[PDB]
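Residue-level structural notes
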Amino acid sequence: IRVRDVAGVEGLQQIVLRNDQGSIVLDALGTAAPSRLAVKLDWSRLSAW
Amino acid sequence: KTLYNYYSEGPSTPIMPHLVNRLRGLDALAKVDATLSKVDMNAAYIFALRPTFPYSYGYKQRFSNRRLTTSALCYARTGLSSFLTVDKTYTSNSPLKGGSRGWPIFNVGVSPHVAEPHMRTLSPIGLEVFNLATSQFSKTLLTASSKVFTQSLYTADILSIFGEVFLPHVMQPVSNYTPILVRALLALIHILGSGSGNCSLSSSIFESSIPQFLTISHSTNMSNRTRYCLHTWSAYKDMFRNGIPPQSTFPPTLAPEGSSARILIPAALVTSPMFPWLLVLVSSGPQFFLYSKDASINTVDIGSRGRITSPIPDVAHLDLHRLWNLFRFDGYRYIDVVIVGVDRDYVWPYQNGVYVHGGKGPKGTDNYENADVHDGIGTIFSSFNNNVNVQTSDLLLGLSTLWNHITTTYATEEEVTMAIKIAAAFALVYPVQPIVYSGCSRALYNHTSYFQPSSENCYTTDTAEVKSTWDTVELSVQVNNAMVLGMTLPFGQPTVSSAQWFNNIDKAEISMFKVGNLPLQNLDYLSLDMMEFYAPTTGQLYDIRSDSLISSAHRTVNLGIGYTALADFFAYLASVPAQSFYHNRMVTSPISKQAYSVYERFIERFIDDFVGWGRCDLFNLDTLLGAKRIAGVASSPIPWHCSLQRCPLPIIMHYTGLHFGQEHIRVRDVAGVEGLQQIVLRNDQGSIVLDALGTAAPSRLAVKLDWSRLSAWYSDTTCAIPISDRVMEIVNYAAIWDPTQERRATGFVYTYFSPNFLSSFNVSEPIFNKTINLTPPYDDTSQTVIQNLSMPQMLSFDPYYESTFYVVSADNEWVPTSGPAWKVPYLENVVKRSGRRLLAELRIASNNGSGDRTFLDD
Amino acid sequence: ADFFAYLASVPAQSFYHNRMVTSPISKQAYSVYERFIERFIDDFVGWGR
Amino acid sequence: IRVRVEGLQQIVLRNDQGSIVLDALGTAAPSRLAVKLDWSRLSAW
Amino acid sequence: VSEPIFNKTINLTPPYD
């Protein structure tokens, strides 16, 4: 379980949705779920997930 | 570098060099990316003008078994972002919750000092004129070189009308654009609003966000206007003898109103959006008043537990002033605007019905003969007309364009830096400091003159949730006047001037005393640069953030908050009591002027060491010593033991490096009497009456030799403030013993912030719109215990002479060297970027795929 | 200029009669495009852009 | 008997209305230990 | 005052009383 304070945006991804008029509608932060290959190379990723 | 380096560094023994070096380092860290007011205006504005200061909070108690908050997270902000008043057309007298009857005016004068002009390079035409004027002639009657003698000293027949008009300036080419840059920074910050979002005297009404729509109001009485005349170049030069207008027009600084200044602008630059902002920012102000278009949408009321009520109960009878309305600037009173290169049928592209001297006339005729004088900037371009609704982005577009043009073409890095530092002195506005008072223990009732608990200037208006017991201010007329008179700027100066607009009568009251002064902008430099007689300085910025108005404004607000924090630190070191800044500062104990005599030394040394401007323009005692005093407002019975402190403690720790962590709370068992003193009182019969234990408060010299003593002093004397009752836990065990007081026993003072205001700290950005949750969902400690963000007790109740005083045991069971028995609030600064700030950083640093920065990187 | 507008992703519709009332993409596109234009003008023409 | 550098103290007292009522200079009477270590201090006293 | 100009806005009163 992670308790980090975060000040540098490492590991973060911007999630954007835009309508047909070109205007942004969501613009939310997000973290990427690990792939099964990633856990195959490092099983602790599954524990973190 | 914010933490790790700076948050792990504490104060050093020579404290002024340490504080100045830290402030320089923090200014280098103040970074809002310039390519952010491109994709998201509002987020960039919020980041620039309303910074956050994250910190962690906790409490400690010795024998509790109750959970209590341990590592909470909060975001501390300072300042008024706008001002709430009764509307102009309120004919009633019933008090309105949050609506002040009037507002302060922070009147700024014209400095007697002149910004030092640095050297400039001439353009090819200026160089031609210089070479002509320095050439060798025979001065015979055959050529025109004799006309300087046969016609007049001021003849154009050798250097043209232009080289003749600009001859003194091309003999010695210099310029300085600091005054206009200062006015630009101030206009941006005052229109948008720095601070915490608080927008009232009520400490609980908050402005939802940066306003989106503004409305302009004219006032003949309050406004500080400039008179304008419009001429074509041909018409302007035809009103002087043999043509040839005067060479220099810069007036003496003591008499800017004596003559008429002129500005020479080519026809190409007139249509620029920066031109009306050029006429503003160099004139007197405010020439018009700015209000939020609708107060119901952008104002909220925050309860003591964080509940947000969007429509506050008296929206329809309130006006939300911008800080623009609270400041008054002195500049030029008469300005001639001369357009160069237009025909005799020239038409003023802005406001209709305005005819340029020598342009198109009212009847459709050309070569208009009258030089009409227009009173105020609003009588020309209609974008500043009365009752005009505008969106703030279009209003500030011209300001941003002006800043970029001047800084990238005419100014230098030194001018921009100096303008930022000067503007910081006027960038923030704070309310009168609220303080509470613990009272003293019943066991010491006969040895005190301050037995009962009390509070001063604690005003809240939320009725949705339960109100804190310390907030008992009733906003009557006299109290409203006193609280307005207590409001201060970052260096602590209050204002004596104020305005008032209700019923249907518009009235202003300006005093001779001024909060400060700004230098005049020399219009000759502007004319020379727009007429292209000086070479541009385009390659002399060296910084980045200087070409952008918004990044510079962020630097200015950061510096201004730093000024406030350092001023509070200095007031603590100088032992300046909070009451020395209230409305009745001049009629209470003589300690006020004595404290000023030390406070001024601290501020003057800081300003000389860091800013570099003339000190008297940025801080002086005139408004402090010119206090008016309201008769019908008696002061609360509180001892003068707490310092000035307009900022919460975490901000002060950010700017000074003070450490107030949990490691300073003492839990010793005590078996040997080390560090203890016996406090004895005897009556005239020789019998003992008190015989109490006590610990000696540290002297300022002791903390100067060891700054950790100050951290320990905070732990030994601070208690968490309760919500529902006026019984602080500390008074059950401890009291102050002051031999310099006739009755030696007192309680504790504790600068106050109120739970409503503290709930605004629960969100990482100051946006409050009924979808934000300010209530801590899994911690109920704040339901009964308020954070204590006050600076500790003052360490000296006499500005000049040092006398030891003590914390004594009031109950005879608690031993002072054992440690506190109450709840002790430790603190720590934390580096933490908000989610909104991280999203913006991803936009402009990892998802920025603009064509430039890819293809024009070479 | 056409090549720059392509490299700067300046849409064709940002030069129509209704370029201001259609989308906020237009102002951003102008901001990007003017940099290419000024850089070229200074590098080649030498006159004041 | 003295007839003519700084071993004195400024003694301050204030009342409830923040007003200084004494603001006077004073000098400390010697302790009996000081008299024991220097008997001329009693003569000065 | 630094200059011999005295009309109406000049403050000739002694500073800080």
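Residues numbered from 1 in each chain as written, not as in the entry; some residues may be left out. Chains lettered and ligands numbered in written order. Part of a larger assembly, values for the part shown. Heavy atoms only, no water.

In the PDB header, cryo-EM is given as the technique by which the entry was determined, and 2.14 Å as its resolution.

**Brief notes about the overall build of chain D**
If you tally the helices and strands in chain D, you get two helices and two strands. Starting at the N terminus and ending at the C terminus, chain D contains elements arranged as β-β-α-α. Its C-alpha atoms put chain D at 45 × 25 × 15 Å along the principal axes. Classification of the 45 residues of chain D by burial places 16% in the buried group. When the accessible surface of chain D is summed, it comes to about 4200 Å², and 55% of that surface belongs to carbon and sulfur atoms. In chain D, which carries 6 positive and 4 negative side-chain charges, the distance between the mean positions of the two groups comes to 12 Å. (Helix = DSSP H or I, 4+ residues; strand = E, 2+ residues; numbered from the N terminus. Buried < 20%, exposed > 50% of the residue type's maximum accessible area, 1.4 Å probe, protein only. Areas by Shrake-Rupley, 256 points an atom, 1.4 Å probe, with all protein chains shown as cover. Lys, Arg positive; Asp, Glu negative; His and termini not counted. Charge placed at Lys NZ, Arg CZ, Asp CG, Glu CD.)

**What to know about the packing of aromatic side chains**
Residue and element names in this part refer to chain B. Under the counting rule described, the total for this entry stands at 53 aromatic pairs over all chains. Taken together, a centroid distance of 5.8 Å and an interplanar angle of 35 degrees make the contact between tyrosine 177 and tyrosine 410 tilted. Remark: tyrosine 410 occurs in the loop between helix 13 (392–409) and helix 14 (413–424) and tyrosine 177 occurs in the loop between strand 6 (174–175) and helix 8 (178–192); sequence separation between them is 233 residues. Across this residue pair, the class does not change: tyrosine 177 and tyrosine 410 are buried. A connected cluster of aromatic rings, assembled from ring pairs, spans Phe491, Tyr563, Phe570, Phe581, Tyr596, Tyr599, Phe602, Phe606, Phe610 and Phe619. Taking NZ or CZ as reference, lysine 88 lies 3.7 Å from the ring centre of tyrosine 291, over its face. (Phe/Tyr/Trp six-rings, centres within 6.5 Å; stacked < 30°, edge-to-face > 60°. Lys NZ or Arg CZ within 6 Å of the ring centre and 35° of its normal.)

**Overview of the interface of chain B and chain A**
The partner chain A presents 13 residues to the 11 residues of chain B that form the contact. Between chain B and chain A, the buried area comes to about 1100 Å², and carbon and sulfur atoms account for 57% of it. It is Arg833, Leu839 and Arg843 of chain B in chain B that bury the most area against chain A; as a group they hold 49% of the surface buried on that side. Applying the counting rule to chain B against chain A returns two salt bridges. When the shortest N-O distance is used, the salt bridge between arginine 843 of chain B and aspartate 27 of chain A registers 2.9 Å. Between chain B and chain A we count five residue pairs in polar contact in total. (Contact = heavy atoms within 4.5 Å. Buried area = accessible area lost by both parts, 1.4 Å probe. Salt bridge = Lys/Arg side-chain N within 4 Å of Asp/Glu carboxyl O. Polar contact = N/O pair within 3.5 Å; in protein donor to acceptor, adjacent residues only side chain to side chain.)

**Section: the pattern of salt bridges**
Residue and element names in this part refer to chain B. Evaluated as defined, the whole model comprises 31 salt bridges over all chains. The partner of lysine 88 in a salt bridge is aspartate 319, with the nearest N and O atoms 2.6 Å apart. Taken together, the residues span a long stretch of sequence, with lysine 88 in the loop between strand 3 (83–86) and strand 4 (102–110) and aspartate 319 in strand 14 (residues 318–321) at a distance of 231 residues. Comparing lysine 88 with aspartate 319 shows no difference in burial state: the two are buried. Put simply, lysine 147 and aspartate 157 hold a salt bridge, and the shortest N to O gap is 3.8 Å. Of this pair, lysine 147 sits in helix 5 (residues 147–150) while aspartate 157 sits in the loop between helix 5 and helix 6 (160–165), placing them 10 residues apart in sequence. Taking the relative accessible area as the measure of exposure, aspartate 157 reaches 47% and is therefore partly exposed. Linked by salt bridges that have partners in common, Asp27, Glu413, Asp543, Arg545 and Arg555 make up one network.

**Structural notes on the state of the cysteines**
Residue and element names in this part refer to chain B. Counted by the stated rule, this structure contains zero disulfides over all chains. In this structure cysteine 647 is not part of a disulfide, and its nearest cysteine sulfur, from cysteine 642, lies 14 Å away. Taking the relative accessible area as the measure of exposure, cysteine 647 reaches 0% and is therefore buried. (Disulfide = S-S within 2.5 Å.)

**Comments concerning the environment of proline 431 of chain B**
Residues and elements named next belong to chain B. Its place among the elements puts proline 431 in the loop between helix 14 and strand 19 (435–437). Note on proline 431: relative accessible area 28%, which makes it partly exposed. Residues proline 431 and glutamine 391 lie 40 residues apart in sequence; the distance between their C-alpha atoms is 28 Å. In this structure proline 431 touches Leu80 and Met487, once residues within four positions along its chain are discounted.

**A short note on the sheet that holds strand 7 (residues 205–207) of chain B**
All names here are of chain B. Across the sheet, which stays open at both edges, the three strands sit in the order 7-12-13 with antiparallel pairing between neighbours. The strands lining the two open edges of the sheet, one partner per strand, are strand 7 and strand 13 (308–309). With two bridges connecting them, strand 12 (residues 299–302) and strand 13 associate as antiparallel partners. Each residue of the ladder has a partner; that of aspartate 301, found in strand 13, is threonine 309. (Pairing = 2+ DSSP bridges.)

**So, the packing of helix 3 (residues 41–49) of chain B against helix 17 (residues 549–574) of chain B**
Packed helix pairs are characterised by how far apart their axes lie and by the angle those axes make with each other. All names here are of chain B. Running from N to C, helix 3 and helix 17 point in directions that differ by 30 degrees, and their axes come no closer than 8 Å. Here helix 3 is positioned roughly parallel relative to helix 17, judged by the angle of their axes. For the pair formed by helix 3 and helix 17, the contact residues are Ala44, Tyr45, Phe47, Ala48 and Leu49 on the first element and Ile550, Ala553, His554 and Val557 on the second. (Axes fitted to C-alpha atoms, helices over the stretch in contact; angles between N-to-C directions. Parallel < 35°, antiparallel > 145°, perpendicular 65-115°, else oblique.)

**Notes on the layout of surface pockets**
Space inside the second largest pocket adds up to approximately 1500 Å³. What lines the second largest pocket is a set of 45 residues, among which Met512, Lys514 and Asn517 of chain B together with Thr9 and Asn11 of chain E lie closest to the centre. When residues of the lining of the second largest pocket are assigned to their parent elements, the largest contribution, four residues, is made by strand 4 of chain B. Of the residues assigned to the lining of the second largest pocket, the class counts are 19 nonpolar, 16 polar and 10 charged. (1 Å grid on protein atoms, 1.4 Å probe; cavity = no way out; pocket = protein on both sides within 12 Å on 5 of 7 lines; lining within 4 Å. Points joined across faces, edges and corners; volume = space filled by probe spheres on them. Nonpolar A, V, L, I, M, F, W, Y, C, P; charged D, E, K, R; others polar.)

**Focus: the environment of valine 35 of chain D**
Residue and element names in this part refer to chain D. The residue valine 35 is located in helix 1 (residues 32–37) in this model. Owing to a relative accessible area of 9%, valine 35 belongs among the buried residues under this scheme. For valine 35 and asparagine 15, which are 20 residues apart along the polypeptide, the C-alpha to C-alpha distance reads 36 Å.

**What about the environment of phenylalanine 748 of chain B?**
Residue and element names in this part refer to chain B. Topologically, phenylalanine 748 is positioned in the loop between strand 28 (745–746) and helix 24 (755–759). Exposure remark for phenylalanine 748: the relative accessible area of 0% places this residue in the buried category. Sequence spacing of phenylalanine 748 and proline 453 is 295 residues, and the spatial spacing of their C-alpha atoms is 9.3 Å. In this structure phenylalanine 748 touches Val436, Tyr437, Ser438, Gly439, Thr717, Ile730, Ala734, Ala735, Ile736 and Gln793, once residues within four positions along its chain are discounted.

**Notes on unusual backbone geometry**
Of note, the amide linkage connecting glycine 285 of chain B to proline 286 of chain B takes the cis form, showing an omega dihedral of 0 degrees. Even without a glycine there, the phi angle at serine 575 of chain B is positive, about 60 degrees. Within the element layout of this structure, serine 575 of chain B appears in the loop between helix 17 and helix 18 (591–611). A relative accessible area of 2% means that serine 575 of chain B is categorised as buried. Even without being a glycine, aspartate 17 of chain E presents a positive backbone phi close to 55 degrees. A relative accessible area of 77% means that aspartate 17 of chain E is categorised as exposed.

**A look at the packing of helix 8 of chain B against helix 14 of chain B**
Residue and element names in this part refer to chain B. Contact pair helix 8 / helix 14: the axes reach a minimum separation of 8 Å and the direction vectors enclose 50 degrees. Considering the angle they form, helix 8 stands oblique to helix 14. As for the relative orientation of helix 8 and helix 14, their crossing is right-handed in sense. In this structure, helix 8 uses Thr178, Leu181, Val182, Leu185 and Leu186 to contact helix 14, whose residues at the interface are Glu415, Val416, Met418, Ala419, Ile420, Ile422 and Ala423. The residue inventory of the contact of helix 8 with helix 14, partitioned by class, reads 10 nonpolar, one polar and one charged. (Left-handed = near helix turned anticlockwise from the far one by under 90°.)

**Re the pairing of strand 4 of chain B**
Residues and elements named next belong to chain B. Extensive coverage of strand 4 is indicated by the burial of nine of its nine residues. As paired elements, strand 4 and strand 21 (residues 497–502) share four bridges and run antiparallel to each other. Looking across to strand 21, one finds that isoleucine 105 is bridged to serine 497. Examined bridge by bridge, strand 4 and strand 23 (residues 516–518) share three bridges and lie parallel to one another.

**Examining the nonpolar core**
Residue and element names in this part refer to chain B. Core analysis: the largest hydrophobic core is formed by 228 residues, its most contacted members being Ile191, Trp277, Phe426 and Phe606. If one sorts the elements of this core by residue count, helix 17 sits on top with 16 residues. Setting aside anything within four residues of it in sequence, one finds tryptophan 277 in contact with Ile191, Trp324, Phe384, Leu395, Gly398, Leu399 and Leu402. One finds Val129, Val338, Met531 and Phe533 within the second-largest nonpolar core, a separate group that totals 16 residues. (Core = buried A, V, L, I, M, F, W, Y, C linked by side-chain atoms within 4.5 Å.)

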